[PDB]
Every structure is written in C-alpha cells, then in structure tokens.
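Here's a solo chain for you in structure tokens, the form deposited in one PDB entry.
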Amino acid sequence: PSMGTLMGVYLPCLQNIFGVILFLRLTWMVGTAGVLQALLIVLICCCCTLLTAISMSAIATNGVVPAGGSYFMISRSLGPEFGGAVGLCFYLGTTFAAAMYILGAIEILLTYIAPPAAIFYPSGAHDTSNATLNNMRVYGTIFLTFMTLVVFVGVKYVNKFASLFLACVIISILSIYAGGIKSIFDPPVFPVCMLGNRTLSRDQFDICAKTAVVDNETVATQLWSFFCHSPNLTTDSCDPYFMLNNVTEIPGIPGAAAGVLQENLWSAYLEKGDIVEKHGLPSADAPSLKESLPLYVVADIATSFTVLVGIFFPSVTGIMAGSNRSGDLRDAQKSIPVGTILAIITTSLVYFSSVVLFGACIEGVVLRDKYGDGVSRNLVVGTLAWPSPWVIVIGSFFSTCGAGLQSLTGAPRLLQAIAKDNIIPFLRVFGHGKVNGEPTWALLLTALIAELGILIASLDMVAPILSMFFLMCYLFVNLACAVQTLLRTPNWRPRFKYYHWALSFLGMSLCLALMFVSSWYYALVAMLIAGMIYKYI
C-alpha cells in the first residue's frame, strides 16, 4: 500500500461533497432565506457532519483498520448490529443520491442546454408543471437505464474519468469567484424588467417599455398587448395595476457592494403562487387581473426554514467516501482523520464564502428566480461567471452526470458486501457476482430503487429523502460511538486526541433534530420502525 493523505482521503471526499446544489439551488437559497439565515443553514448542516467525522476518527483510530471499504471498518469495530444499520441506511442514501444527481442533469439539459429537446409541452394556459414532471420522468428512465448499462459493462472506464469530473468542478468554481471579483469594478450587463414591485418574465416580450416609437409614431409595444388585450393606446380594458404603475429596468448584477449586501440580508419567504418583488420601489396599490398572472416570476414552491434545510443538507454528505480506500493507505489511522476533517472544513468554507459572495454581488430578485425567468432563461450562477455562462452550464452538467455514475458504481458494491456478510438473511440472494466479482442482482436492485426516486421527478422532492437517509446513517454512527464508551465494552479504545463521548452524544442529538427539521412525517415513521426493531431485541 502506497497512497497518501491527499490523493487517498482528501480528494475523494472533496469530489463527493461538491455537487448539484452549489450550482442549481444555492443562489435560490440565499435569495429566499437572506444571507444571515443562509449562513445559519450552512453552519447547522456542517456541524452534524463535523461531529460525525469526529466519531469516524474514533472508529479509524481503534485497532487495525481492516482493508476495503468503510463498511468493514464499522462492522469490525462496532459489532454487526450497528454495522448493518449504518450499511443499509448508507446504501439507501447512495441509491437515492444517484436519482437526485440524474434529476439535476436533466433539469440542466431541459432548461439551459436544449429546451427544444422536450417531449411534453405545456398545453393550455396554466399547468406548465405536469408537462415538466412528465418530461423529467422520460429522460430520467432513459439516463438511468443507459448509465446502468455502462456500469454493467464499463466499470474500468468509469474509474478512468474520475479526475476529469473533479477538474470540471474546480474550474467551474474558480470561474464563479473570478467573475465575482471582477464584478467589483466591471459588472456584467443583465437588465431586469419590472413593473412596480413585481418582476416579469423577459423571455415572452421584446422591449422593456410601455410604448415605443416606430416611423415617427407612438405605438403600443408587445408588452402593452399582453396586459391590455388591445393595440390601442386609449382603451379601458387594462388591468388597474398596469395603468397606475410604470415599467423600469434595473441591473440584475449590480456588483459587489455593501449596499447590495444590506438589501439581501433578511429573509423573504413566499408561498406557492406569490410574485417575486423588490422592497425599495414605489408601487401604487391596485388589483390585478387573473389573466395577466403568467406575465410574472412566480414562486414555484412554498418556502420556509425547514424546507431549505432539507434541500441544502445533501451538499454536506460525503464523509464516508474517505474510507473506501482504507486498505490502500500507508497509515490509515492517520490519513483518514486528517483528510476527512480538512475536507469538511474546506468545503464548509467554500459554502460560507459563496453565500456571502452571492448575497453581495447578485440582486435578490434575480436570486429568487429559480429557473432564471427574470433574466432570459440563464443560470443565476452562470451570469456571474468570468469567461462565459456556458462554462458553468457544461461543467455542472458533466459533473452531475459523473456523480451519478459514481453512486451507481458505489452502491451495488456495498449491497454485495452486506449480502456476503450474512447478517440479514433476507438479503442473501444479492451476493451473486460475475467472474470479475462485479455484482449482478445488486445492480438491478439499485436501478429499481433509484427509479422510484426518479419517478418523483423533482430535485426539491427527492433531496429531503436523501437528508432522511444520511441523517439516520450519521445518527447510528454517533450512537455506536457513544454507547460503546458508556457501556465500557472491550476492544473499544480509540486513540484519537479530540474525541470525547459528549461530542458524539451532541452529534447524535443534532442529527436527530435535523431529521425532524427536514421532514417531520417520515422521521416520525422511521422513529416507529426503530422503536419496533428495539422491541424485537
């Protein structure tokens, strides 16, 4: 074994922690929650994982660190019963993370790369969502079957391109920060068209004006005809909000300044159907027609604190991938606790600094446009990039497609190990393999379980389920590190300096409170199942 801390522990953690939510949902989270509550979300979600890494360090500093995987360390150092629970929750988390990574790639493809590559179209006036869901499901079943065939044939090729997907993430992050520094002295041009407080969808009309001049004549624009249903300048069919108010352009990226950061500082939660609005604009109050409602940027889902925590939390998962090469290391009891804790610290500093950067550079109206309707269907992250917005689009697409392949390779190997371990006999039949040792019936079960996550067809609906499984895995790791100290069981002497049982107890309680914060109902279901297995024993 010859593999150091950097390329053995640190870089796989840093590759498995960054992902889809930094490029699709972080600006939305900043603009919805405010800078202060977004920093609070990042702080709370990075203390479950830091305390869980302190417990995993106490795992790795005990004994020999047996070769192969993070399942075998836990199972040989904690007894089989905690090992089975940690392994099964981590397996279900990895299989739904594959589905979330596929849904992210299809959102990027259908909204930014090729919008004409769309099968189902929003017929009628309203319900653009059912066309969107049925459009996500078809491409989800296509990409999932293609990638399971790739994993069924070409594992050697998936292991080959693993550095390129990390290079794409790092180049696309450095482009964000390079453009954010340039926005201090030279911000880019993305004008946002508004009407009173209300922001509107710029993709539908031509010019952001109420009237124009053609051939020495004042003629109503296309924007007049959507609100007034007549090309005449003196009709009374207009809605009274359009008549009393005026149409105004603003800079979408006003540049890095303290005045922009002061406006983005507090929460602006909306319900489903509300309109994204500024705060410092004059707006005469008036009723508005129901028919002019598609001419605005509308909140897609109802938001709160507990909604945003469950969507953010799978950004911080990825600790457990620092022990998959635990046999290949030179000093596994030293390279694991340093590598995972430094990876959590660096990725958490990237999230804090990016929350402050997006809160200081981008205006909160553009931030709250999930899918970027206020600026001509562009990434809100991509408009801040330095060379072009296409670098972030292409790089985030290839990185999410790589992160899906890595989950579809990592989860059947894990189910293979629990099957051959024979703690649960009900999972006996998934120990079959080929002559290479590659799993067959486990790959089918991961493809069918990740299919049930793809048929939910939303990035915002699958991510609380991921939070729910990774929080159970991290809860049982902290239970099994606190109980073995309080019971004084033999062969449990962790040689880690910064370990204490109260830290693992605090980590257990925090990763249990986040389980209720993310979704209280399914946490209350899992509490019943856990309280029933305890009565079984």
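Basically, rigid core = biggest C-alpha set you can superpose within 1.5 Å across the two forms. The first residue of the sequence shown is number 1, and the count goes up from there.
This protein has a second form, the form deposited in another entry, left out of what is shown; the following refers to that one.
Asks: Where does the C-alpha shift reach 2 Å or more between the shown form and the other one among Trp386, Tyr371, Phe352, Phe120, given a fit on the rigid core?
Replies: Residue with a C-alpha shift of 2 Å or more: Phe120.
Asks: Once everything's superposed on the core, is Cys46 shifted 2 Å or more at the Cα between the shown form and the other one?
Replies: Not so; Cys46 is displaced by less than 2 Å.
Asks: C-alpha of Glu277: shift of 2 angstroms or more between the shown form and the other one, rigid core aligned?
Replies: Not so; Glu277 is displaced by less than 2 Å.
Asks: Fitting the rigid core first, would the Cα of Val158 be found 2 Å or more away between the shown form and the other one?
Replies: Yes.
Asks: Since the Cα separation of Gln406 and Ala343 moves by 3 Å or more in that other deposited form, tell me which way: closer or farther than here.
Replies: Between the C-alphas of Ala343 and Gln406, the gap narrows in that other deposited form (3 Å or more compared with this form).
Asks: If the C-alpha spacing of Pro66 and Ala417 moves by 3 Å or more in that other deposited form, is that a move closer or farther apart?
Replies: Compared with the form shown here, the C-alpha atoms of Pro66 and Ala417 sit closer together in that other deposited form, by 3 Å or more.
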